[PDB]
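Below is one structure, written out as structure tokens; the observations come after it.
Values reported hereafter were calculated over all heavy atoms of this structure, with side chains retained and with hydrogens, waters and symmetry mates removed. Here is how names work: the chains are called A, B, and so on, in the same order as the sequence lines, proteins then strands, and each is numbered from 1.
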Amino acid sequence: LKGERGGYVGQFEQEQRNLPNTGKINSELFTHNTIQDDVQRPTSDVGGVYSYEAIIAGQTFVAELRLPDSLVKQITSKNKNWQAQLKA
RNA sequence: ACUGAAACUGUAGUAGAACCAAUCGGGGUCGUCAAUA
């Protein structure tokens, strides 16, 4: 057997009788350069180019803000629609 | 217990070399035609 490592699993319950659904995040490598301005070209491949992995667009993620009732009462007293302000 | 910043995948390189749209040909010249009764 090989141990599992990466990825994410969906919900599961004691008698589900199906494996949990897996989720995968699509990443791509992006490559960029700096131009040396006098020669107007990159100064070498080794120190002229750089790369970023990024999570690509169109993917959906869920976070949770957790706040105690103490602060939620304060926030709701100042703005009843405050959850509308979380859209950004 | 708090998102790093900032950085042009650019720089040089002629889709080109070679190949005949060509070879042969007098603008010429003479015997009939038709099938029945």
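South is the pucker class for the sugar of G13(B), given a negative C1'-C2'-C3'-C4' value. Judged by the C1'-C2'-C3'-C4' torsion, which is negative here, the sugar of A21(B) sits on the south, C2'-endo side. Sugar conformation, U32(B): north. The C1'-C2'-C3'-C4' torsion carries a positive sign. Sugar conformation, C33(B): north. The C1'-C2'-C3'-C4' torsion carries a positive sign.
A stacking criterion of 5.5 Å and 30° is not met by the six-membered base rings of adjacent nucleotides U29(B) and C30(B). Judged by ring centres under 5.5 angstrom and plane angles under 30°, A17(B) stacks onto its neighbour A18(B). With ring centres under 5.5 Å apart and planes tilted under 30°, the neighbouring bases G10(B) and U11(B) are scored as stacked.
Contacts of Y52(A) with the nucleic acid, taken as non-hydrogen atoms under 4.0 Å apart, include base atoms.
Applying the 90° cutoff around 0 to the glycosidic angle, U11(B) is assigned anti.
Of the side-chain N and O atoms in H32(A), none sit less than 4.0 angstrom from OP1 or OP2 of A7(B).
The interatomic distance linking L65(A) (CG) with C2(B) (P) rounds to 17 Å, in whole Å. Atom P of nucleotide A6(B) and atom CG of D37(A) are separated by 17 Å, given to the nearest angstrom.
Under 3.5 Å, the side chain of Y50(A) and the base of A6(B) form no donor-acceptor pair of N or O atoms.
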Please tabulate the protein-to-nucleotide N/O contacts below 3.5 Å involving nucleotides 10-14 of chain B, giving atom names and distances.
from   : atom 1 : to     : atom 2 : distance (Å)
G10(B) : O4'    : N33(A) : ND2    : 3.4

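Rounded to the nearest Å, the gap between the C1' atom of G27(B) and that of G31(B) is 22 Å.
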